[PDB]
Structures are given as structure tokens and as C-alpha cells.
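J.: Generate coordinates for the sequence data below:
(3 chains, ligands or ions: 60)
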Amino acid sequence: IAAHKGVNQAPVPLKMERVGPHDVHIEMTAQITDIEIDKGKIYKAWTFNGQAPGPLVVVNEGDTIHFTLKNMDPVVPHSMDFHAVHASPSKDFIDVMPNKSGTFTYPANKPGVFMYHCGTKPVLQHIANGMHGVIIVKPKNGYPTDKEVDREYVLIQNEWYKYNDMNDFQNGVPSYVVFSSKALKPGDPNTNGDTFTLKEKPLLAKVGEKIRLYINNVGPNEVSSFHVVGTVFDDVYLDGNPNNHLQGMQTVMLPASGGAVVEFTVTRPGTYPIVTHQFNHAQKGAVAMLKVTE
Amino acid sequence: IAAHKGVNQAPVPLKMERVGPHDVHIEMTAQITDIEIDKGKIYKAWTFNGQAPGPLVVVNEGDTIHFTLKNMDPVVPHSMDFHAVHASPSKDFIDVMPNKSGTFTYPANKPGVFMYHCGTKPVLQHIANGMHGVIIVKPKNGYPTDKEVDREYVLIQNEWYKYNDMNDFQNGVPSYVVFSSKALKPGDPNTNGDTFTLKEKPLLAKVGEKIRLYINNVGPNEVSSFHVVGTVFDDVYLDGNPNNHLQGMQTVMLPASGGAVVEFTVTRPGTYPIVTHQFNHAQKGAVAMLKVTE
Amino acid sequence: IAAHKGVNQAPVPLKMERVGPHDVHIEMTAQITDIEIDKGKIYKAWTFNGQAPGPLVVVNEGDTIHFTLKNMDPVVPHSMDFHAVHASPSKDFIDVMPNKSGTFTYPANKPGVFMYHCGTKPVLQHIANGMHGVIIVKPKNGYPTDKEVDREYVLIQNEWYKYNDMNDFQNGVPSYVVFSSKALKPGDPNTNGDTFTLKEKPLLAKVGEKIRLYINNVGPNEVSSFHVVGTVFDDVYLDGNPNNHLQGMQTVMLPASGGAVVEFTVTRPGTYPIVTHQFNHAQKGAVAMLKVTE
Ligand SMILES: [Cl-]
Ligand SMILES: [Cl-]
Ligand SMILES: [Cl-]
Ligand SMILES: [Cl-]
Ligand SMILES: [Cl-]
Ligand SMILES: [Cl-]
Ligand SMILES: [Cu+2]
Ligand SMILES: [Cu+2]
Ligand SMILES: [Cu+2]
Ligand SMILES: [Cu+2]
Ligand SMILES: [Cu+2]
Ligand SMILES: [Cu+2]
Ligand SMILES: [Cu+2]
Ligand SMILES: [Cu+2]
Ligand SMILES: [Cu+2]
Ligand SMILES: [Cu+2]
Ligand SMILES: [Cu+2]
Ligand SMILES: [Cu+2]
Ligand SMILES: [Cu+2]
Ligand SMILES: [Cu+2]
Ligand SMILES: [Cu+2]
Ligand SMILES: [Cu+2]
Ligand SMILES: [Cu+2]
Ligand SMILES: [Cu+2]
Ligand SMILES: [Cu+2]
Ligand SMILES: [Cu+2]
Ligand SMILES: [Cu+2]
Ligand SMILES: [Cu+2]
Ligand SMILES: [Cu+2]
Ligand SMILES: [Cu+2]
Ligand SMILES: [Cu+2]
Ligand SMILES: [Cu+2]
Ligand SMILES: [Cu+2]
Ligand SMILES: [Cu+2]
Ligand SMILES: [Cu+2]
Ligand SMILES: [Cu+2]
Ligand SMILES: [Cu+2]
Ligand SMILES: [Cu+2]
Ligand SMILES: [Cu+2]
Ligand SMILES: [Cu+2]
Ligand SMILES: [Cu+2]
Ligand SMILES: [Cu+2]
Ligand SMILES: [Cu+2]
Ligand SMILES: [Cu+2]
Ligand SMILES: [Cu+2]
Ligand SMILES: [Cu+2]
Ligand SMILES: [Cu+2]
Ligand SMILES: [Cu+2]
Ligand SMILES: [Cu+2]
Ligand SMILES: [Cu+2]
Ligand SMILES: [Cu+2]
Ligand SMILES: [Cu+2]
Ligand SMILES: [Cu+2]
Ligand SMILES: [Cu+2]
Ligand SMILES: [Cu+2]
Ligand SMILES: [Cu+2]
Ligand SMILES: [Cu+2]
Ligand SMILES: [Cu+2]
Ligand SMILES: [Cu+2]
Ligand SMILES: [Cu+2]
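T.: Numbering: from 1, shown residues only, chains lettered A, B, ... in the order given. Ligands and ions are numbered 1, 2, ... in the order given. Dropping the coordinates below:
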């Protein structure tokens, strides 16, 4: 797209503020940003806020979101679909033209770990180019295992294909499959989907801790067989809904857009790989590390 | 197959009748029928009754089915395998030769949303050519959320490949992935697996209603990440067994042959896409619409 | 690998012995062994003990395993990762060089049907070449349906690719997808992953019996849609954890590395195919048989 040649829009911070006990404002951008997805490989991604996946959003169960999208893309319209919300797609997930803004309001009544993504036709194109992310909705009533959790992180899985190539998007294997981490608390890492960052800079934890991971496989196209090497999931909440409780899972199957809350104990010092156990995907990038110290 | 050149057998209605408090007769055909699977694209399908997927069958838990297959295919044998039933495959799912009939009897003791399909070797060929469908077995004891359901429909997902091409069937990506709807009550639509009908003629509902969808992914080869845009599933019953209860799912993973009952509320007027969230499949047809009016 | 030309190391029996009420010794080899994976097709597999999948391991919940690996491969290092255990991957799943041994100790505190596999980089290569298997951890407290089970077997699903071809491993469809059975009691079959043995020599059962299958899909790359033709699963325990209970499932979705305990009744004499319902995989080998006699 001629109007994207040479474009590299610097990342813009997410903006959120609470405006009532059950109402939260969120402002995001759609913007075109170069991201290094593998060593030596730049992808001129379509993004929210200059990150792919996009910035993490966290709200409380029962919050109504008053969402603004500022479209900085000079030529392509963009939109927002939060899986967390109840909304009319044809009224509330509609396009925002280049250099314009739109505001949409809708409730997040269900706890969990939801995908968000651009909803502009062709949606495959917009997602595959990088317009995906996660919104976490915290349960009013928490999770039954909250008291045991010692540390937590967010991990997102996505694929990368040949750049902006609809034939490949539809018909081809992924070039890369990758994890990223999005920060929940100051000091947490905040990374993009790439083959290397979470190997070079592992997530951190201490011996004996119970770790919670909030996870989502945003696709676009693949399912995920999520596994932490050297442990077993004590507890799993499918989609992050506290009612959807499994125990003692080795591996969690995630559909495309599928989420979970998973919890596990790291018993010994060392480095613990985190994979999709579809090992072709692991080999093309989808291995993160968790470094556990005494 | 030379004996299928020029063959286009008109659709024949399903025949069912109850013959006892726990016994039901069902008669189907195997027949060769041209179906438009994408605009401008005819597939000379192998079918039950001239539909692909085949006609919907609904029985009650505990019914014994006395099933007759009339094979109208002039040259290929066909058979029937209902996932709902307990049967000896080598006695009860056996071939019916061209221009012959066979009758088989077996019980449906388990509630749910089951695949049915031809079972003739190579089964991949028979399924991929269109010999698939759904049988719903209604639970004696209903579902706990029956009182809240305002409207219901059946949706089936299948793939289409290059015509009658075993290499493609085994090794290739699907050409199309599609939804169809099969009628439960007079006035409901009854469609075949194609890329366009349920976009052109959306399923209908009213604002505020809780909708139930009976769903099955018949494959042949792909899994499905089933999602309704703009809502969250309040309740999910995996395989349609009332005991297999999930809540607050964004997306339901379905294996090949996998079913579910899913329920969700449409809160606002508008059009709600229904997808597999494996967006390569969505892009090659697997988007249906639900139009919600005041 | 020049040092593997002409190498065909005879299978070596697994060695296990209990050394305390909660401690068990296990010794395995890594070795290079020719296996006929399809009629006329030899694969010079990388194996544990000359089987692919490897030998079955069964321990009790709460057992600590003191595991020795003897690496007989003349040139490639190998390792062991049991999904059953809690361990430091970087200390306990480390490489054993050619012609050396290593011993590692770790607990199996969680009941279920776990994958084990080589953990040497590239792990895709080691798994795809055949270094996979199952460890069953028996629950202290059994399964609630134990009293109804009349007969049981272990089945494992894996894929085979072009020999030792990392491009194919990462990017290609599987050449074959296969079941094997691993013996639990004297007289049970013990087979390798191939397209034909469990068709030629079906698993055996008697009319009316409730059968339990312990199942795992070791991949490397595919998910599985596990189904027994002519029955419905009465009970399913995901990953073999008794708490993860489903009922009345037609088909069980298994991630890569995913396990289950599944139980079903065979009501009539005959032969019952056992498939992955991803029928492209079934067609490339993944059909086993269960012969049921009066
Ligand atoms: Cl409440
Ligand atoms: Cl692993
Ligand atoms: Cl009852
Ligand atoms: Cl969507
Ligand atoms: Cl206990
Ligand atoms: Cl089948
Ligand atoms: Cu309040
Ligand atoms: Cu308000
Ligand atoms: Cu308000
Ligand atoms: Cu690279
Ligand atoms: Cu506002
Ligand atoms: Cu967009
Ligand atoms: Cu979506
Ligand atoms: Cu609540
Ligand atoms: Cu701590
Ligand atoms: Cu927290
Ligand atoms: Cu291209
Ligand atoms: Cu793919
Ligand atoms: Cu892939
Ligand atoms: Cu702790
Ligand atoms: Cu634990
Ligand atoms: Cu616990
Ligand atoms: Cu626990
Ligand atoms: Cu529970
Ligand atoms: Cu009666
Ligand atoms: Cu009767
Ligand atoms: Cu009778
Ligand atoms: Cu077309
Ligand atoms: Cu009759
Ligand atoms: Cu047929
Ligand atoms: Cu079937
Ligand atoms: Cu019942
Ligand atoms: Cu109504
Ligand atoms: Cu009804
Ligand atoms: Cu061909
Ligand atoms: Cu496929
Ligand atoms: Cu596909
Ligand atoms: Cu209502
Ligand atoms: Cu609701
Ligand atoms: Cu409700
Ligand atoms: Cu509810
Ligand atoms: Cu429930
Ligand atoms: Cu003891
Ligand atoms: Cu001890
Ligand atoms: Cu000890
Ligand atoms: Cu062959
Ligand atoms: Cu010892
Ligand atoms: Cu190895
Ligand atoms: Cu593993
Ligand atoms: Cu226990
Ligand atoms: Cu018996
Ligand atoms: Cu036993
Ligand atoms: Cu090659
Ligand atoms: Cu594959
Ligand atoms: Cu495949
Ligand atoms: Cu019995
Ligand atoms: Cu039964
Ligand atoms: Cu039972
Ligand atoms: Cu039962
Ligand atoms: Cu239960």
C-alpha cells in the first residue's frame, strides 16, 4: 500500500481512566508500526497503539467501556471488536476512517481472558497484520485459588505470515508463531509478538511459587496446545471464567481466540520453557522462558 | 466417475414417523446432486437426500431408530453411521449397493448433537463429497436453561475440497469452509453448506432474546473455533450432553465431528456475524449472519 | 547422519523396579532402530528402547521416579521430559551424551495419562523422529467408574514425516498418522506407531463389556478428534485426572500431548473402528480396530 511506504508511527500509550464505579474510558489508536518479529525481520504491522498484540486492557466485571478509536492509518479504515462485551456488531464495531475517531459504549459483564481485534473487512487481513490483543475482565468474586497465587503474568500467542499477503493468510502455514507478555503491574515486561524476546529476557519467578498465567491464543488461524515444561497445571479456568474449572492438566487446548487462566507451581530453580506443544509452531518461535531463582 | 456425468438427482424429502413410544422409522436416500457451494461453483455432491449436509434428524433420548437407506447412486455403494447410536459397525453400518435398500436398527440412548455420515471405505472420500449431517437426540430431562431460551436454530460447519480429489482431501487446504442451517420448526430456513446463503438471508431474531444454537463441525478434516460476534456464550453443553456444562465462553472449540449446544443473548439491534475464529476458514466462507430486530 | 547409516539397534526391554513405598527406578535407553511404519516403509527412528512410541511406564500417584537414560546413539545427545513430573527442566531434563548415562529424580504427584519425550534441541526433531511415549500415573483414589470397567487398553497417536527432514517437520503435512497400543497386563499387545498392525491384529473384547482406553496424542504437530465408531463415550476424564469429568461425548478433542481416560460399552458383536475423526489423518493411517466377540 503506497501510502504505508516509509510509515513507522511511534507507539502511543494506551489511555484509560475510571469515570464511575462501573464505567471506564479507554482510548486506543490504530497505527502502522515496524516491529521486529524475528531477528532481522521487520513487519510493518497494523496495530493498536504501535504494539502487536496490542496493549493489555484490564477492567472489572460489570464495567461499561466507553471506547474511542483514533485511526492514524492514512488510508485503511479500522475498527474494534472486544470479545468481552455485548454489542451490536453492525452499530458498535463499525469502521473509523483515516484520520478520524469513533466512540462506542458497551458492557463487560462476563469475567475472563478475552481476545480483542480489528473487525474491518477482510477481518483475516486486519488480524493477521497485527490488530489483535487481550482484554481481561476481573471476576467480582475472584477465583477460588487467588489466595495461593504468588506471581502472575499475561502471555499471548499469535502467528505471523508473509507480509500483507492474503493468499498466504488463507492458504499458507505460518512463518512464525510467537509469544508476547503484557504488563499487569509496574515492572512487568511488555513485549510484542516475536521469536526471541522472552527467550533472551525470561519471565522471572522464585522457587516454590505458584504462578498464574492469563493466556489467550489470538491466532489468526491456529489452535494452541499450551504447556509449561517441568510442571503440571494445578488449576485451569477455561476462558478465565471461574466456573470452568479443570485440575491437573498437562496441556490446555485453546481454540483460535481462546483464553484461559492457568496456575502451576515451580518447585526447583532453573529455566522452564513455555510452549505450544504443536512443535512445528514451537520451532517457528513459540517458546518463551520462565527463569526461577532461589 | 463416468456413471455420475450428467447426473443430478432431485432432492427427496426425509421420511420419519414414530412407530412406538420409543421407536422411530427413518428413511433416507443416498443420491448424487449438484449443489452451488460458492457463487458460480457447482459441486456434484454425494449426499443424503440431495442435501449436503444432509437433512436434520431429531429423536428423543431412548428412541430406537429403524433406519432405511435407499441407494440411488448408480455405481457407488453407500452406508450410514449415526454417532448417536450404539451399534456393531461391521453389521449395522454396512454398505447398500446401487439401486438397493438396507434397514438397520439401533438405539439412541445418549442426548446430544451428533454427527452422522456415510461409512463406506474410503470414508474420507464419502464424507468430503458431502455425506455428512446431524442427528439431535433430545434429553428426557431437557437442559437446565430451557426456560430461558427464546429462539433456536441448527448450524453445521463443513469443508469443501477439489471435486472428488483424494490427494486434495488428504493433503490440501480446504477450498471453502461453510455453514448451513437445518430447520427445527416450520418456517426455519433449510440450507446447504455454501459460502453465501446465510449472509444473504441471515438467521432472524429479536432484541433481547436468548438464542440457542445446536452446532456440529462435521469436518471432514478441520477443527472449529466457534464464536458469535458481539456476545459471549452464557451456557455451553459440550456434545449437547446436559452434564458437560461451561459458562461464559467466548469461543467453543469443536473437534472434527464435535457438537455443542450454545446459548447467548443478543442485547441490541443489528447484524451479528457467526464465525469459526480460525480466520482463514472464515475468509473461505465460514461466516453466517444473525439479524436482530426490535 | 553418517554415523546412523546401517545402524539398527535391537530393542532393549524397559527396566523398572519399585525401591520404596513411594519410590521407583526406571532405566531406558535412547537408541536408533528401524521400524516399519507403513507396508514397505522403514523409518530409522530415534527411540526410547527401540520402540516408537516408547515403552509404557506406569507408576502410582505420589511416586518419585529415579530415572536413568543410557544413550546408545553414537552421535546425537538425548534427554527425557516426563509431563507427569515436577522438575527443573534446565537441571533435570538435560542432555546425556553418546555412550553415557544420566540419572534424574523427580516426583509424579498428579494422576493421569501423560506424554513423555526427548527434550533435546531441536525438540521438534527429536519428537518427530520417534522419541515420544506415555507415562500413566494411577490415582490413589482410582476413578469413580473403576467398578464398571471390564477391560482396558492403552492407545497412542503420533505422526510420521519425511525422514529426519526439518523443513517437512515444520512446514509439511504428515505422511502418516498412526495408532499404537502399549501393554498393561500380560498378554496385551505391544505395538509401534504404524498404519497397519492394529487393523491386522485388532484389540480384543467381549460383547457387552465396558472398555477403558488410556489415550494420548503425542503429536508432534497435530491435534486429535478421538472417536470409537459404533459407541459413545459414557465417561471421559480429561488428561486422566478424575476431576475432569465429561459424559456422553461422541468425540474427544486432544491437544498435541493431550491425554484422556475414555470409557464406552460395546453392545453387539463385530469390529469397531477407532479413529481420529480428522479424516485426512484417518486415511493416512489413523484407524485401529476393536474386535468384539460373543
Ligand atoms: Cl453476584
Ligand atoms: Cl514440552
Ligand atoms: Cl432418568
Ligand atoms: Cl470475530
Ligand atoms: Cl488424598
Ligand atoms: Cl467415524
Ligand atoms: Cu455498584
Ligand atoms: Cu454508568
Ligand atoms: Cu451510565
Ligand atoms: Cu529467523
Ligand atoms: Cu463516557
Ligand atoms: Cu484494522
Ligand atoms: Cu473475534
Ligand atoms: Cu459475576
Ligand atoms: Cu514469592
Ligand atoms: Cu491479579
Ligand atoms: Cu502471495
Ligand atoms: Cu494453519
Ligand atoms: Cu501450523
Ligand atoms: Cu506459594
Ligand atoms: Cu501443585
Ligand atoms: Cu492445588
Ligand atoms: Cu490442586
Ligand atoms: Cu472444580
Ligand atoms: Cu416408556
Ligand atoms: Cu420397541
Ligand atoms: Cu422393539
Ligand atoms: Cu468464489
Ligand atoms: Cu420398524
Ligand atoms: Cu457414501
Ligand atoms: Cu464418525
Ligand atoms: Cu438420560
Ligand atoms: Cu422473543
Ligand atoms: Cu427446542
Ligand atoms: Cu488432485
Ligand atoms: Cu486441513
Ligand atoms: Cu485449514
Ligand atoms: Cu428472554
Ligand atoms: Cu447473558
Ligand atoms: Cu445465564
Ligand atoms: Cu449465566
Ligand atoms: Cu454447571
Ligand atoms: Cu506412604
Ligand atoms: Cu523416598
Ligand atoms: Cu527418598
Ligand atoms: Cu503405504
Ligand atoms: Cu534411587
Ligand atoms: Cu533425543
Ligand atoms: Cu512436552
Ligand atoms: Cu491425589
Ligand atoms: Cu468381560
Ligand atoms: Cu487398570
Ligand atoms: Cu526436505
Ligand atoms: Cu500439520
Ligand atoms: Cu494434518
Ligand atoms: Cu460390564
Ligand atoms: Cu453406556
Ligand atoms: Cu454410565
Ligand atoms: Cu453414564
Ligand atoms: Cu461428573
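J.: check contacts around the nearest residue to residue A:94 once chain neighbours are set aside.
T.: Leaving aside its sequence neighbours, residue A:94 sits nearest to residue A:79 (CB to CB, 6 or more residues apart in numbering or on different chains; 6.1 Å). (C-beta placed from N, C-alpha, C; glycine too.) By CB atoms under 8 Å, 6 or more residues apart in numbering or on different chains, the residues touching residue A:79 are A:69, A:93, A:94, A:95, A:96, A:118, A:119, A:120, A:126.
J.: correct me, but the second one touches residue A:85?
T.: No - the pair residue A:93 / residue A:85 is not scored as a contact, 9.2 Å apart, by CB atoms under 8 Å.
J.: Between the two, which contacts overlap?
T.: residue B:230.
J.: the more surrounded of those two?
T.: residue A:85 (29 against 23; other CB atoms under 10 Å in any protein chain shown).
J.: Tell me which residues touch the more buried one, please.
T.: A:65, A:92, A:106, A:107, A:108, B:230.
J.: And residue A:24, by the same measure?
T.: Counting by CB under 8 Å, 6+ apart, the residues that residue A:24 touches are A:16, A:17, A:18, A:59, A:63, A:64, A:65, A:66.
J.: so where does the last one fall, helix or strand?
T.: Here residue A:66 is covered by strand A:63-71, with elements defined by DSSP states H and E.
J.: Is there any residue in the next helix or strand after that strand that contacts chain B?
T.: Going down the chain from strand A:63-71, the next helix or strand is strand A:81-82, by DSSP H and E. Yes - using CB under 8 Å from any CB of the partner chain, strand A:81-82 reaches chain B at residue A:81.
J.: thinking again about what came up before, please tell me which one of the contacts of residue A:79 counts the most neighbours.
T.: Neighbour tally across those (other CB under 10 Å): the maximum, 28 neighbours, falls on residue A:118.
J.: Surely that residue is in contact with residue A:30?
T.: Yes - using CB under 8 Å, residue A:118 is in contact with residue A:30, at 7.2 Å.
J.: Which residues are in contact with each of these two?
T.: With contacts taken as CB under 8 Å, 6+ apart, residue A:118 and residue A:30 have A:46, A:48, A:78, A:131 as neighbours in common.
J.: so, if you compare the residues you listed, which one comes nearest to chain B?
T.: The closest of the shared contacts of residue A:118 and residue A:30 to chain B turns out to be residue A:131 (CB to the nearest CB; 11.6 Å).
J.: give the contact list for the nearest residue to that closest one once chain neighbours are set aside.
T.: Excluding the flanking residues, the one nearest residue A:131 by CB to CB, 6+ apart is residue A:118, at 3.5 Å. Taking CB under 8 Å, 6+ apart as the criterion, residue A:118 is in contact with A:30, A:46, A:48, A:78, A:79, A:80, A:81, A:126, A:127, A:131, A:132.
J.: what's the farthest-apart pair in those?
T.: A:46 and A:81 (14.3 Å; CB to CB).
J.: Turn the contacts of residue A:79 into JSON lines, including secondary structure and distance to ligand 20.
T.: Shown next, in JSON lines, are the contacts of residue A:79 (DSSP: H, G, I helix; E, B strand; the rest coil; distance: CB to the ion, whole Å):
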{"residue": "A:69", "secondary structure": "strand", "distance to ligand 20": "40"}
{"residue": "A:93", "secondary structure": "coil", "distance to ligand 20": "41"}
{"residue": "A:94", "secondary structure": "coil", "distance to ligand 20": "46"}
{"residue": "A:95", "secondary structure": "coil", "distance to ligand 20": "47"}
{"residue": "A:96", "secondary structure": "strand", "distance to ligand 20": "45"}
{"residue": "A:118", "secondary structure": "coil", "distance to ligand 20": "39"}
{"residue": "A:119", "secondary structure": "coil", "distance to ligand 20": "41"}
{"residue": "A:120", "secondary structure": "coil", "distance to ligand 20": "44"}
{"residue": "A:126", "secondary structure": "helix", "distance to ligand 20": "41"}
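J.: Taking the residues you listed together, which two end up most distant?
T.: A:94 and A:126 (13.5 Å).
J.: returning to what we had before: filter the contacts of residue A:24 down to the buried ones and express that as a PyMOL selection.
T.: Command for PyMOL, covering only those of the contacts of residue A:24 found buried under the criterion 16 or more other CB atoms under 10 Å in any protein chain shown:
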select buried, chain A and resi 16+59+63+64+65+66
